[PDB]
Amino acid sequence: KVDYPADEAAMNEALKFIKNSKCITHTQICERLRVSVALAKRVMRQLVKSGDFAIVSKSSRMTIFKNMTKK
Amino acid sequence: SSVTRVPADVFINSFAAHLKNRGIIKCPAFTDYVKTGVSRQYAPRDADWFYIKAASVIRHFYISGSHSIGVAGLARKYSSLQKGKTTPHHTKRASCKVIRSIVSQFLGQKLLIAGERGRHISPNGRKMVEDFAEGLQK
Amino acid sequence: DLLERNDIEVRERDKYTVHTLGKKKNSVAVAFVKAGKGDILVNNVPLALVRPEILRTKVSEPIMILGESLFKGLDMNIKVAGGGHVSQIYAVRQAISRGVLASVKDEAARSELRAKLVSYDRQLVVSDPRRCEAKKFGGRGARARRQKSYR
Amino acid sequence: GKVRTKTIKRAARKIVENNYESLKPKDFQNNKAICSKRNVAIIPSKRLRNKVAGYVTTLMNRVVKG
Amino acid sequence: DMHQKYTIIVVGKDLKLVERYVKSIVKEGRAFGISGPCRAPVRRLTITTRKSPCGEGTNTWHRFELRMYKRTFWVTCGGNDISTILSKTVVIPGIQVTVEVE
Amino acid sequence: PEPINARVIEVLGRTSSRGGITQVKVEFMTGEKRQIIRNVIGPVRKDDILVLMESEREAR
Amino acid sequence: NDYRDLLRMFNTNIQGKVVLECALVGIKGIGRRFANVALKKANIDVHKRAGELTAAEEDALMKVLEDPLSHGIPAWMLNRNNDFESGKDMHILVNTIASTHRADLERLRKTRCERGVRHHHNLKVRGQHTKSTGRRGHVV
Amino acid sequence: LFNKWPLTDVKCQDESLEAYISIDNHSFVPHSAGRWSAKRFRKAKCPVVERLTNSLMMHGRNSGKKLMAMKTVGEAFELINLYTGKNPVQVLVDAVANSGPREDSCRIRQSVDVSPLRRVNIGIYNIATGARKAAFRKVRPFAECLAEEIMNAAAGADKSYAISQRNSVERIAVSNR
RNA sequence: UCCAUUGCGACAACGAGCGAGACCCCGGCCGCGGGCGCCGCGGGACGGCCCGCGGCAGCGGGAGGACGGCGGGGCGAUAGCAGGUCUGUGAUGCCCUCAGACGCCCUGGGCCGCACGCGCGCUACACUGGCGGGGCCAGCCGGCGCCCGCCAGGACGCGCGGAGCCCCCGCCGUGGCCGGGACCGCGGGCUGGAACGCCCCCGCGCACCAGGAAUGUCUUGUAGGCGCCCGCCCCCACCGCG
């Protein structure tokens, strides 16, 4: 219902949580963690900047992201 | 060929970035506080919109050449629906002042030259478009 | 915009060996074909880029199906006028296919390719008879009518 | 499907009564060509003339078996 | 020589009365070099009126069309020869043949 | 229990009194291949294959 | 990684959850003239995520609100144009806009115009057809 | 299919629905504008992927937008590929068989058997109806939900809306057995 | 049997007619002749062929073919009915008001008044969406230039030109929120003799989170979704006809 737009110390916990996945959409993070999609969007822009993820499809509405190896 | 052989967005985005650094166009503040047209409720949220719109204006002028479009007709390609009323939505038009200013800046740069009736793209402008498309032609 | 005397006379000089017209929904795409660079040009732009992007495979449907052999060594100055988007994309594909059938010219492969063309998808060769409808009084639609108050 | 009307039907018999050899059992174009010989059989409109020929083709087909 | 291209614009509502006049223009001007007919795209005058004089009942509308036919020819010939052509061409009452000088 | 596949040989007619239901002669797909009548909703043509959970019930 | 929540801007609480330009559209519920922008001209970008805004930025926005004609904010924009007594362009926000609404309805009351009659008779002076408007409203 | 999903080993186990799901003619994308509705059973040989992309276009606000439906199938079929590691086309061709009831009730209420076409027709219809509801006022995308319904059904779950619908037609059918 | 009193078959009936159909209009396709402009005339498709099942009329299927089995309209029998219209007419019988007029003009107001109940609609209730820019696209059939103006529009010119949905990229992120635009406070314009009419701009952000008993319309370029044009018009379409 209510989400944090704004992760603080838990941004690394989120990074570990998103790295703890097989694939994800920024909307899937919004369901899995109580985060606005916009926060999740920005967070995953640098998740592929850290290079631990990859785009499968990119569309304006939705982009599917599969973590490169992360195994 | 060339500029039409290139996708529109990449060419419009790139040429726009070049205009700001080059000093071509130089946006007017009095027209930079306004919405593109009556059909827009909110004014552009893309920051330097004058530059990107100007890039597109010279991309249409290039294709037209013989047609010699005026300020109002080229504004029509930026027309949108007017929404938010109990009455059904109607397609309106973009603001001419933004486009008159853009054209006058291309005309002063001599990229555009006037014609009887509407203004058309001049060889200095024609080469600028041809060269930029040649810049990213793949 | 279609059914006009300027079909594709935009080309100045430029005599072309083969001509074909593919049409769908008030849209005429007329291609001027000559042996050229294996290049397909519609609306002055290359075949690779067209406006309905998820329909690009359709605009190039027999490039994969018939075989690039005929596609290599061919220049197509297609122009589409009329319709909206999908109407134009089905009409370019119809025009491109018929132009290549004419390009074989005398070997019976025009018959064999038409046999292949009717197999993967007919309409690559034949016209889509479905065209449009007429509004009639007593309804916003043609078939649809207005609401009855007292049954 | 399409049900032949009394004009498209009585005339067809009148054509097979007068002419026998000229029309053939499965020959629409021939049956349309015989029925189109001006005064010998006059049917205004191809649509009526084509419909007559189709019924003549069906009647001619019926008579050849028996 | 007072030689001018002479415009000939024909308007007939009746396609067959107008189409026969097109044959007439061609024959008389065969000698004076009449032009092949550039048929105007048909202009349809369309009026839709409710069939009911009193507006009651189911809505029934009358679709009424005046399908005027205009055909244009141009002749670069003598004014006396243009005049012979107007006398020579069949006179169909209710058919408008109009001449302008270019 | 486990459903038994069957195959229509012909569609005798339409029933239901509202239309929309059909009488089909079905032959079980395998083994003894019992040919018994069946009642089916939805569009059915000859040679279609249906799996009947009930199996024993017979249409008239 | 940084945020502040409700701002006490003009007797309102602006959530840090909002994207700032959309957030200040509600100032005490009444009187925004910024028209969803025109505060970029005073100072910061559209997506300052609301909470991020510093006290320094707040005073600059607050300054533009008191002096509207200073940052490209023209007389074509602004909440109030020639005032019936002031005769100057102005921007009225929060309690003040509603207070000035009372002042104009008092004017219509003294002037006893048709609009004044309808304003005390709870009727619509603008929406022409009142035969079939307020159903369930059950009002005179 | 979409230039990413092949069409070679994808078939269905059910022989009752063997002819009805078309798996040998999918076009490169599911557009193929055709008069499938015309003629009685020409709809059976329509590609299952163009039968699904047509089903999503329902409720008017969403009517007619085949392109917005096509990207919704490719987003769903891209999501399925990653999660299930098997061809996404197969999951739809498997789900259609699973979502299909084998018994319905018509007054003649009385138990009847659904024809192969109906088991396919309701099966695709059910797949989209649930996804449409499970994405109406929720943040989750219609495409993400479309992927789950399409997959849960294939493996077989009463969690899936299409099966929770199948299951009940067949419990109502067992009442009128 | 049919779409059909459309035909078959039986049969004191046998033949005809009118209505049905045919015809007319437009559409898809081929050809001919012309071409300020695609626009004149001819073909073509007939349940023809094939396989079943039928004495049969036809009843399913198969191709071939732009086109397939009544394509999308016009026209419309015999009778009707106290349907509607005397307020469309120099259509009209009767009472005919007829000059302090029920004639005919001018001004002002109403026809739009609103405790309410209903019919046709429109816009909604959003993430298949709103909000920004980037492409691009019609058809009925189609004018623009330039300058000033945020706009709406205005001045001065000439002979001429085109949608939205959709797509592409950002953004909001489930919050009655940037969903929704109802009401109301300034203004700026337009058209006219004159707003009360409309447009625009900055506020202001109502209900409504999918609708009870019921009730409507609909079979492929269909429903729906989306715009555009015209009708009537000083101004103005949530309407109608396209």
# chains A, B, ... in the order shown; residues from 1 in each chain; ligands from 1

call {"tool": "closest_atom_pairs", "arguments": {"of": "chain C", "to": "chain H", "cutoff": "12 Å", "atoms": "only C-alpha atoms", "output": "JSON lines"}}
result
{"residue": "C:24", "atom": "CA", "partner": "H:33", "partner_atom": "CA", "distance": 10.9}
{"residue": "C:25", "atom": "CA", "partner": "H:33", "partner_atom": "CA", "distance": 11.9}
{"residue": "C:51", "atom": "CA", "partner": "H:67", "partner_atom": "CA", "distance": 11.6}
{"residue": "C:52", "atom": "CA", "partner": "H:67", "partner_atom": "CA", "distance": 8.0}
{"residue": "C:53", "atom": "CA", "partner": "H:67", "partner_atom": "CA", "distance": 9.1}
{"residue": "C:54", "atom": "CA", "partner": "H:67", "partner_atom": "CA", "distance": 7.0}
{"residue": "C:55", "atom": "CA", "partner": "H:29", "partner_atom": "CA", "distance": 7.3}
{"residue": "C:56", "atom": "CA", "partner": "H:29", "partner_atom": "CA", "distance": 9.0}
{"residue": "C:57", "atom": "CA", "partner": "H:28", "partner_atom": "CA", "distance": 6.3}
{"residue": "C:58", "atom": "CA", "partner": "H:28", "partner_atom": "CA", "distance": 7.5}
{"residue": "C:59", "atom": "CA", "partner": "H:28", "partner_atom": "CA", "distance": 11.0}
{"residue": "C:60", "atom": "CA", "partner": "H:28", "partner_atom": "CA", "distance": 10.3}
{"residue": "C:61", "atom": "CA", "partner": "H:28", "partner_atom": "CA", "distance": 8.4}
{"residue": "C:62", "atom": "CA", "partner": "H:28", "partner_atom": "CA", "distance": 11.3}
{"residue": "C:64", "atom": "CA", "partner": "H:28", "partner_atom": "CA", "distance": 10.0}
{"residue": "C:65", "atom": "CA", "partner": "H:28", "partner_atom": "CA", "distance": 10.8}
{"residue": "C:85", "atom": "CA", "partner": "H:67", "partner_atom": "CA", "distance": 11.1}
{"residue": "C:86", "atom": "CA", "partner": "H:33", "partner_atom": "CA", "distance": 9.3}
{"residue": "C:87", "atom": "CA", "partner": "H:33", "partner_atom": "CA", "distance": 9.9}
{"residue": "C:89", "atom": "CA", "partner": "H:33", "partner_atom": "CA", "distance": 11.1}
{"residue": "C:90", "atom": "CA", "partner": "H:33", "partner_atom": "CA", "distance": 8.6}
{"residue": "C:91", "atom": "CA", "partner": "H:33", "partner_atom": "CA", "distance": 11.8}
{"residue": "C:93", "atom": "CA", "partner": "H:32", "partner_atom": "CA", "distance": 11.9}
{"residue": "C:119", "atom": "CA", "partner": "H:25", "partner_atom": "CA", "distance": 10.0}
{"residue": "C:120", "atom": "CA", "partner": "H:25", "partner_atom": "CA", "distance": 7.9}
{"residue": "C:121", "atom": "CA", "partner": "H:32", "partner_atom": "CA", "distance": 8.2}
{"residue": "C:122", "atom": "CA", "partner": "H:34", "partner_atom": "CA", "distance": 9.7}
{"residue": "C:123", "atom": "CA", "partner": "H:34", "partner_atom": "CA", "distance": 9.2}
{"residue": "C:124", "atom": "CA", "partner": "H:32", "partner_atom": "CA", "distance": 10.8}
{"residue": "C:127", "atom": "CA", "partner": "H:34", "partner_atom": "CA", "distance": 11.8}
{"residue": "C:128", "atom": "CA", "partner": "H:34", "partner_atom": "CA", "distance": 8.6}
{"residue": "C:129", "atom": "CA", "partner": "H:35", "partner_atom": "CA", "distance": 9.9}
{"residue": "C:130", "atom": "CA", "partner": "H:35", "partner_atom": "CA", "distance": 8.3}
{"residue": "C:131", "atom": "CA", "partner": "H:35", "partner_atom": "CA", "distance": 11.8}

call {"tool": "closest_atom_pairs", "arguments": {"of": "chain B", "to": "chain C", "cutoff": "8 Å", "atoms": "only C-alpha atoms", "output": "tab-separated table"}}
result
residue	atom	partner	partner_atom	distance
B:1	CA	C:44	CA	6.3
B:4	CA	C:45	CA	5.2
B:5	CA	C:45	CA	5.1
B:6	CA	C:45	CA	8.0
B:7	CA	C:49	CA	7.0

call {"tool": "write_last_selection", "arguments": {"atoms": "N, CA and C atoms", "output": "PDB file, in the first residue's frame"}}
result
ATOM      1  N   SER B   1      17.489   9.413 -49.117  1.00  0.00           N
ATOM      2  CA  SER B   1      18.684   8.660 -48.672  1.00  0.00           C
ATOM      3  C   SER B   1      19.346   9.428 -47.526  1.00  0.00           C
ATOM      4  N   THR B   4      17.144  10.316 -44.349  1.00  0.00           N
ATOM      5  CA  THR B   4      15.944   9.447 -44.278  1.00  0.00           C
ATOM      6  C   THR B   4      16.413   8.011 -44.080  1.00  0.00           C
ATOM      7  N   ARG B   5      17.622   7.675 -44.529  1.00  0.00           N
ATOM      8  CA  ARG B   5      18.212   6.330 -44.301  1.00  0.00           C
ATOM      9  C   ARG B   5      18.574   6.174 -42.831  1.00  0.00           C
ATOM     10  N   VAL B   6      18.622   7.289 -42.109  1.00  0.00           N
ATOM     11  CA  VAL B   6      18.955   7.257 -40.661  1.00  0.00           C
ATOM     12  C   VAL B   6      17.646   7.275 -39.847  1.00  0.00           C
ATOM     13  N   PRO B   7      17.474   6.549 -38.702  1.00  0.00           N
ATOM     14  CA  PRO B   7      16.258   6.708 -37.902  1.00  0.00           C
ATOM     15  C   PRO B   7      16.099   8.140 -37.391  1.00  0.00           C
TER      16      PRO B   7
END

call {"tool": "residues_around", "arguments": {"residues": "residue B:98", "least_positions_apart": "4", "cutoff": "8 Å", "atoms": "only C-alpha atoms (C1' of nucleotides)", "output": "list in words"}}
result
residues 31, 36 and 102 of chain B

call {"tool": "closest_atom_pairs", "arguments": {"of": "chain I", "to": "chain D", "cutoff": "12 Å", "atoms": "only C-alpha atoms (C1' of nucleotides)", "output": "CSV"}}
result
residue,atom,partner,partner_atom,distance
I:1,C1',D:3,CA,9.0
I:2,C1',D:3,CA,6.7
I:3,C1',D:1,CA,9.0
I:4,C1',D:3,CA,9.6
I:5,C1',D:5,CA,11.8
I:6,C1',D:3,CA,6.0
I:7,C1',D:3,CA,6.5
I:8,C1',D:3,CA,10.4
I:20,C1',D:5,CA,9.4
I:21,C1',D:5,CA,6.9
I:22,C1',D:48,CA,7.3
I:23,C1',D:45,CA,9.3
I:42,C1',D:46,CA,11.7
I:43,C1',D:46,CA,10.0
I:44,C1',D:46,CA,9.9
I:45,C1',D:50,CA,8.1
I:46,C1',D:54,CA,5.1
I:47,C1',D:2,CA,6.3
I:48,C1',D:28,CA,5.5
I:49,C1',D:26,CA,7.8
I:50,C1',D:26,CA,11.4
I:55,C1',D:62,CA,10.8
I:56,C1',D:62,CA,10.6
I:57,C1',D:3,CA,7.8
I:58,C1',D:1,CA,7.7
I:59,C1',D:1,CA,8.9
I:60,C1',D:1,CA,10.9
I:68,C1',D:1,CA,10.1
I:69,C1',D:1,CA,5.5
I:70,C1',D:2,CA,8.0

call {"tool": "write_last_selection", "arguments": {"atoms": "C-alpha atoms (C1' of nucleotides)", "output": "PDB file, in the first residue's frame"}}
result
ATOM      1  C1'   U I   1     -36.185 -26.663 -50.072  1.00  0.00           C
ATOM      2  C1'   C I   2     -35.162 -20.967 -49.372  1.00  0.00           C
ATOM      3  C1'   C I   3     -32.970 -15.352 -47.449  1.00  0.00           C
ATOM      4  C1'   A I   4     -37.798 -15.300 -49.779  1.00  0.00           C
ATOM      5  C1'   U I   5     -45.338 -17.529 -52.242  1.00  0.00           C
ATOM      6  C1'   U I   6     -37.541 -18.997 -53.444  1.00  0.00           C
ATOM      7  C1'   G I   7     -38.147 -23.154 -55.958  1.00  0.00           C
ATOM      8  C1'   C I   8     -39.191 -28.313 -56.088  1.00  0.00           C
ATOM      9  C1'   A I  20     -39.800 -11.307 -54.189  1.00  0.00           C
ATOM     10  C1'   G I  21     -35.919 -11.495 -57.517  1.00  0.00           C
ATOM     11  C1'   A I  22     -34.263  -9.016 -61.638  1.00  0.00           C
ATOM     12  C1'   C I  23     -32.949  -3.866 -61.780  1.00  0.00           C
ATOM     13  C1'   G I  42     -16.612  -3.367 -71.798  1.00  0.00           C
ATOM     14  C1'   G I  43     -15.525  -8.006 -69.379  1.00  0.00           C
ATOM     15  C1'   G I  44     -15.760 -11.040 -64.698  1.00  0.00           C
ATOM     16  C1'   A I  45     -19.102 -15.177 -60.933  1.00  0.00           C
ATOM     17  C1'   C I  46     -22.537 -18.701 -62.576  1.00  0.00           C
ATOM     18  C1'   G I  47     -23.818 -22.835 -56.540  1.00  0.00           C
ATOM     19  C1'   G I  48     -19.862 -23.006 -62.852  1.00  0.00           C
ATOM     20  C1'   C I  49     -16.461 -27.156 -61.219  1.00  0.00           C
ATOM     21  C1'   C I  50     -15.191 -31.338 -57.720  1.00  0.00           C
ATOM     22  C1'   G I  55     -35.996 -38.037 -58.297  1.00  0.00           C
ATOM     23  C1'   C I  56     -35.639 -33.159 -57.209  1.00  0.00           C
ATOM     24  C1'   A I  57     -35.279 -27.825 -55.490  1.00  0.00           C
ATOM     25  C1'   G I  58     -30.866 -28.139 -53.121  1.00  0.00           C
ATOM     26  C1'   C I  59     -27.686 -29.796 -48.221  1.00  0.00           C
ATOM     27  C1'   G I  60     -22.841 -29.809 -46.196  1.00  0.00           C
ATOM     28  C1'   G I  68     -18.322 -17.787 -53.226  1.00  0.00           C
ATOM     29  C1'   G I  69     -22.640 -19.026 -52.269  1.00  0.00           C
ATOM     30  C1'   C I  70     -28.560 -12.432 -50.494  1.00  0.00           C
TER      31        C I  70
END

call {"tool": "atom_distance", "arguments": {"atom1": "atom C1' of residue I:220", "atom2": "atom CA of residue H:23"}}
result
24.2 Å

call {"tool": "atom_distance", "arguments": {"atom1": "atom CA of residue E:53", "atom2": "atom CA of residue C:142"}}
result
25.3 Å

call {"tool": "closest_atom_pairs", "arguments": {"of": "chain H", "to": "chain A", "cutoff": "9 Å", "atoms": "only C-alpha atoms", "output": "JSON lines"}}
result
{"residue": "H:71", "atom": "CA", "partner": "A:59", "partner_atom": "CA", "distance": 8.5}
{"residue": "H:74", "atom": "CA", "partner": "A:57", "partner_atom": "CA", "distance": 8.9}
{"residue": "H:75", "atom": "CA", "partner": "A:57", "partner_atom": "CA", "distance": 7.5}
{"residue": "H:78", "atom": "CA", "partner": "A:57", "partner_atom": "CA", "distance": 7.3}
{"residue": "H:79", "atom": "CA", "partner": "A:64", "partner_atom": "CA", "distance": 6.9}
{"residue": "H:82", "atom": "CA", "partner": "A:23", "partner_atom": "CA", "distance": 6.9}
{"residue": "H:83", "atom": "CA", "partner": "A:23", "partner_atom": "CA", "distance": 7.2}
{"residue": "H:139", "atom": "CA", "partner": "A:27", "partner_atom": "CA", "distance": 7.1}
{"residue": "H:140", "atom": "CA", "partner": "A:27", "partner_atom": "CA", "distance": 6.2}
{"residue": "H:141", "atom": "CA", "partner": "A:27", "partner_atom": "CA", "distance": 7.3}
{"residue": "H:143", "atom": "CA", "partner": "A:62", "partner_atom": "CA", "distance": 8.8}
{"residue": "H:144", "atom": "CA", "partner": "A:28", "partner_atom": "CA", "distance": 8.5}

call {"tool": "closest_atom_pairs", "arguments": {"of": "chain G", "to": "chain A", "cutoff": "12 Å", "atoms": "only C-alpha atoms", "output": "Markdown table"}}
result
| residue | atom | partner | partner_atom | distance |
| --- | --- | --- | --- | --- |
| G:1 | CA | A:8 | CA | 4.8 |
| G:2 | CA | A:6 | CA | 6.1 |
| G:3 | CA | A:6 | CA | 5.9 |
| G:4 | CA | A:6 | CA | 9.2 |
| G:5 | CA | A:6 | CA | 10.2 |
| G:15 | CA | A:5 | CA | 10.5 |
| G:16 | CA | A:5 | CA | 8.2 |
| G:17 | CA | A:5 | CA | 5.4 |
| G:18 | CA | A:5 | CA | 7.9 |
| G:19 | CA | A:5 | CA | 9.1 |
| G:47 | CA | A:38 | CA | 10.8 |
| G:48 | CA | A:5 | CA | 11.9 |
| G:49 | CA | A:5 | CA | 8.2 |
| G:50 | CA | A:5 | CA | 10.4 |
| G:51 | CA | A:6 | CA | 9.3 |
| G:52 | CA | A:6 | CA | 9.8 |

call {"tool": "write_last_selection", "arguments": {"atoms": "N, CA, C and O atoms", "output": "PDB file, in the first residue's frame"}}
result
ATOM      1  N   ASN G   1      19.669   8.210  -1.389  1.00  0.00           N
ATOM      2  CA  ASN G   1      19.888   7.611  -0.047  1.00  0.00           C
ATOM      3  C   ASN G   1      19.529   8.632   1.034  1.00  0.00           C
ATOM      4  O   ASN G   1      19.777   8.333   2.213  1.00  0.00           O
ATOM      5  N   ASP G   2      18.991   9.793   0.646  1.00  0.00           N
ATOM      6  CA  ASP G   2      18.687  10.853   1.646  1.00  0.00           C
ATOM      7  C   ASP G   2      17.250  11.332   1.455  1.00  0.00           C
ATOM      8  O   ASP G   2      16.881  11.527   0.283  1.00  0.00           O
ATOM      9  N   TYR G   3      16.483  11.522   2.542  1.00  0.00           N
ATOM     10  CA  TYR G   3      15.110  12.083   2.370  1.00  0.00           C
ATOM     11  C   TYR G   3      14.570  12.819   3.607  1.00  0.00           C
ATOM     12  O   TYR G   3      15.059  12.539   4.714  1.00  0.00           O
ATOM     13  N   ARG G   4      13.635  13.763   3.418  1.00  0.00           N
ATOM     14  CA  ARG G   4      12.904  14.417   4.548  1.00  0.00           C
ATOM     15  C   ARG G   4      11.423  14.241   4.174  1.00  0.00           C
ATOM     16  O   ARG G   4      11.169  14.119   2.979  1.00  0.00           O
ATOM     17  N   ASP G   5      10.484  14.143   5.119  1.00  0.00           N
ATOM     18  CA  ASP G   5       9.075  13.830   4.753  1.00  0.00           C
ATOM     19  C   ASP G   5       8.232  15.096   4.647  1.00  0.00           C
ATOM     20  O   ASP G   5       8.474  15.877   3.719  1.00  0.00           O
ATOM     21  N   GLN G  15       4.511  15.880   1.338  1.00  0.00           N
ATOM     22  CA  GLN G  15       5.210  14.596   1.593  1.00  0.00           C
ATOM     23  C   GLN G  15       6.507  14.523   0.788  1.00  0.00           C
ATOM     24  O   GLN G  15       6.522  15.013  -0.347  1.00  0.00           O
ATOM     25  N   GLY G  16       7.551  13.922   1.360  1.00  0.00           N
ATOM     26  CA  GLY G  16       8.806  13.708   0.615  1.00  0.00           C
ATOM     27  C   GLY G  16       8.630  12.598  -0.391  1.00  0.00           C
ATOM     28  O   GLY G  16       9.489  12.442  -1.255  1.00  0.00           O
ATOM     29  N   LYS G  17       7.553  11.833  -0.258  1.00  0.00           N
ATOM     30  CA  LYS G  17       7.245  10.756  -1.226  1.00  0.00           C
ATOM     31  C   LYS G  17       7.057  11.361  -2.619  1.00  0.00           C
ATOM     32  O   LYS G  17       7.515  10.725  -3.590  1.00  0.00           O
ATOM     33  N   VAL G  18       6.464  12.556  -2.708  1.00  0.00           N
ATOM     34  CA  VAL G  18       6.108  13.162  -4.024  1.00  0.00           C
ATOM     35  C   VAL G  18       7.321  13.662  -4.816  1.00  0.00           C
ATOM     36  O   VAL G  18       8.420  13.694  -4.259  1.00  0.00           O
ATOM     37  N   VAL G  19       7.122  14.022  -6.082  1.00  0.00           N
ATOM     38  CA  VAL G  19       8.237  14.394  -6.999  1.00  0.00           C
ATOM     39  C   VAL G  19       8.442  15.911  -7.016  1.00  0.00           C
ATOM     40  O   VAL G  19       9.084  16.388  -7.953  1.00  0.00           O
ATOM     41  N   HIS G  47      12.301  17.043 -10.643  1.00  0.00           N
ATOM     42  CA  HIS G  47      12.347  15.869  -9.729  1.00  0.00           C
ATOM     43  C   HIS G  47      13.373  16.070  -8.616  1.00  0.00           C
ATOM     44  O   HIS G  47      14.411  15.386  -8.650  1.00  0.00           O
ATOM     45  N   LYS G  48      13.063  16.944  -7.652  1.00  0.00           N
ATOM     46  CA  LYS G  48      13.957  17.096  -6.481  1.00  0.00           C
ATOM     47  C   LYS G  48      13.436  16.136  -5.418  1.00  0.00           C
ATOM     48  O   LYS G  48      13.856  16.262  -4.265  1.00  0.00           O
ATOM     49  N   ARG G  49      12.495  15.251  -5.770  1.00  0.00           N
ATOM     50  CA  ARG G  49      11.957  14.186  -4.873  1.00  0.00           C
ATOM     51  C   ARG G  49      11.367  14.824  -3.619  1.00  0.00           C
ATOM     52  O   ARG G  49      11.269  14.109  -2.622  1.00  0.00           O
ATOM     53  N   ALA G  50      11.038  16.104  -3.682  1.00  0.00           N
ATOM     54  CA  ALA G  50      10.384  16.854  -2.587  1.00  0.00           C
ATOM     55  C   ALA G  50      11.283  16.948  -1.349  1.00  0.00           C
ATOM     56  O   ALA G  50      11.800  18.049  -1.103  1.00  0.00           O
ATOM     57  N   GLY G  51      11.485  15.840  -0.617  1.00  0.00           N
ATOM     58  CA  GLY G  51      12.213  15.859   0.663  1.00  0.00           C
ATOM     59  C   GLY G  51      13.606  16.416   0.523  1.00  0.00           C
ATOM     60  O   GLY G  51      14.092  17.047   1.483  1.00  0.00           O
ATOM     61  N   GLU G  52      14.261  16.084  -0.588  1.00  0.00           N
ATOM     62  CA  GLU G  52      15.649  16.547  -0.838  1.00  0.00           C
ATOM     63  C   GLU G  52      15.769  18.063  -0.694  1.00  0.00           C
ATOM     64  O   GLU G  52      16.869  18.519  -0.335  1.00  0.00           O
TER      65      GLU G  52
END

call {"tool": "atom_distance", "arguments": {"atom1": "atom CA of residue H:57", "atom2": "atom CA of residue H:164"}}
result
22.2 Å

call {"tool": "residues_around", "arguments": {"residues": "stretch 109-119 of chain I", "least_positions_apart": "3", "cutoff": "6 Å", "atoms": "only C-alpha atoms (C1' of nucleotides)", "output": "PyMOL selection string"}}
result
chain G and resi 130-131+140

call {"tool": "residues_around", "arguments": {"residues": "stretch 7-9 of chain F", "least_positions_apart": "2", "cutoff": "10 Å", "atoms": "only C-alpha atoms (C1' of nucleotides)", "output": "list in words"}}
result
residues 5, 11, 12, 23, 24, 25, 26, 27, 28, 29, 30, 33, 35, 36, 37, 38, 44, 45, 46, 47, 48, 49, 50 and 51 of chain F; 16 of chain H

call {"tool": "select_by_dssp", "arguments": {"residues": "chain D", "states": "helix (DSSP H, G or I)", "output": "short mmCIF file (atom, residue, chain, number, x, y, z; two decimals) with C-alpha atoms, in the first residue's frame"}}
result
data_model
loop_
_atom_site.label_atom_id
_atom_site.label_comp_id
_atom_site.auth_asym_id
_atom_site.auth_seq_id
_atom_site.Cartn_x
_atom_site.Cartn_y
_atom_site.Cartn_z
CA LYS D 6 -39.02 -18.91 -62.19
CA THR D 7 -37.65 -16.62 -64.97
CA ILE D 8 -34.11 -18.05 -64.42
CA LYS D 9 -35.79 -21.48 -64.43
CA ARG D 10 -38.56 -21.61 -67.11
CA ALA D 11 -36.22 -20.02 -69.72
CA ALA D 12 -33.55 -22.61 -68.99
CA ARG D 13 -35.95 -25.42 -69.98
CA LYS D 14 -37.10 -23.43 -73.05
CA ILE D 15 -33.39 -23.24 -74.05
CA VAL D 16 -32.87 -27.02 -73.61
CA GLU D 17 -36.14 -27.72 -75.48
CA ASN D 18 -35.08 -25.65 -78.52
CA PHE D 28 -20.57 -22.77 -68.33
CA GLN D 29 -18.81 -20.55 -70.90
CA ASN D 30 -20.22 -22.61 -73.82
CA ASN D 31 -23.67 -22.59 -72.15
CA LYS D 32 -23.23 -18.80 -71.76
CA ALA D 33 -22.08 -18.47 -75.40
CA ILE D 34 -25.07 -20.43 -76.81
CA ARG D 38 -28.63 -12.40 -79.86
CA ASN D 39 -32.19 -13.08 -81.14
CA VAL D 40 -32.08 -16.91 -80.71
CA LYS D 46 -25.10 -10.57 -68.09
CA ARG D 47 -26.17 -11.29 -64.47
CA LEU D 48 -29.45 -12.79 -65.70
CA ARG D 49 -27.66 -14.35 -68.75
CA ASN D 50 -24.98 -15.94 -66.49
CA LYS D 51 -27.63 -17.24 -64.05
CA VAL D 52 -29.65 -18.76 -66.94
CA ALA D 53 -26.47 -20.46 -68.24
CA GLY D 54 -25.68 -21.98 -64.84
CA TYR D 55 -29.18 -23.48 -64.63
CA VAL D 56 -28.86 -24.68 -68.25
CA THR D 57 -25.51 -26.27 -67.32
CA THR D 58 -27.25 -28.07 -64.40
CA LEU D 59 -30.23 -29.15 -66.58
CA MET D 60 -27.87 -30.30 -69.41
CA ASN D 61 -25.86 -32.27 -66.81
CA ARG D 62 -29.08 -33.91 -65.56
CA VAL D 63 -30.31 -35.00 -69.06
CA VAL D 64 -27.01 -36.62 -70.14
CA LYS D 65 -27.22 -39.38 -67.43
#
